[PDB]
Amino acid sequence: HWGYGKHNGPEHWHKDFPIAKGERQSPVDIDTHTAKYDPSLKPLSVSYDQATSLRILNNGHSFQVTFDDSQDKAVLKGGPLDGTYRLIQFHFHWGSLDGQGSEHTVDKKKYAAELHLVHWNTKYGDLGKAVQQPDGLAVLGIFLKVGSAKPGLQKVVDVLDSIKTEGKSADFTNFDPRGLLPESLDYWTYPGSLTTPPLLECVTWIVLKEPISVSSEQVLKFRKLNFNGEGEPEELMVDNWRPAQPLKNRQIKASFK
């Protein structure tokens, strides 16, 4: 079973998942001076008004809030995307201290954490089918830095005590993911992959330039979670991020001048 530690972490993943050394792996460093502004790109369309959250879950590598994706309800359109992508889940990656935790980096800068809102392309019918297609997923990535509290995150942190260990879940209905968004929807975009095994190269990445700020107390709660299942030696869920991968033959485009 893969993980983030010395003997099962990111440098080991290629053995069970050889795509780990593929041509479109994520995350990557975003070099702000090399990324080209592309005026053909469109405004992102984030329509989360009808979002229906279901559960919050510790899956052993992060915690995720899941959504009902049986019909168009919370979807992402526009930007670099064709067609409609339904929100299935969001999760975070974070560090043991504030100077690391994000998966993408900006001019080698590491953020305290990174939020991933995962959406799949409706023209493939289900998530399972979408992940086997180069345009099957759109993941919206948002950086977190430490400062002021993020009110829309507080309902999430208040429940983390209840899902401390792997496998634990709780009801998490009536959560509005709009409260996790920054003001500007300016973004970078590039073709990439899932950043956890099986690391499938099925993702259009859309990373927002403006981070959201969260308080030290909020991110502290992230760090109290556990990779392990109940009763096992406590091994803190921290530094669950994959480092930046080779960009290779890819261009990162900017939606803004």
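When you see a residue number, it is the position in the sequence shown, counting from 1.
Which of the two stretches, 5-13 or 236-244, shows the higher mean Cα temperature factor in the record?
If you average the C-alpha B-factors of 5-13 and of 236-244, the larger mean comes out for 5-13.
Taking the mean of the C-alpha B-factors per stretch from the entry, tell me the winner out of 160-168 and 127-135.
Between 160-168 and 127-135, it is 160-168.
Among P177, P182, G79, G95, where is the Cα B factor highest in this entry?
Checking the PDB record, the top C-alpha B-factor among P177, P182, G79, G95 is at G79.
Among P191, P27, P211, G231, where is the Cα B factor highest in this entry?
So the option with the highest C-alpha B-factor is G231.
Within this chain's modelled residues, let me know which third the CA B factor of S216 belongs to: lowest, middle or highest.
It belongs to the middle third of the chain when residues are ordered by C-alpha B-factor.
Sort the modelled residues of this chain by their C-alpha B factor and say whether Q71 lands in the lowest, middle or highest third.
Within its chain, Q71 is a highest-third residue by C-alpha B-factor, going by the deposited values.
Could you say whether, by C-alpha temperature factor, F222 belongs to the lowest, middle or highest third of its chain?
Middle third of the chain for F222's C-alpha B-factor.
Taking only the Cα B-factors deposited for this chain, tell me whether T204 sits in the lowest, middle or highest third.
Tercile = lowest for this residue's CA B-factor.
Quick check for you: using the entry's CA B-factors within this chain, is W120 in the lowest, middle or highest third?
As the PDB entry reports it, the C-alpha B-factor of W120 lands in the lowest third of its chain.
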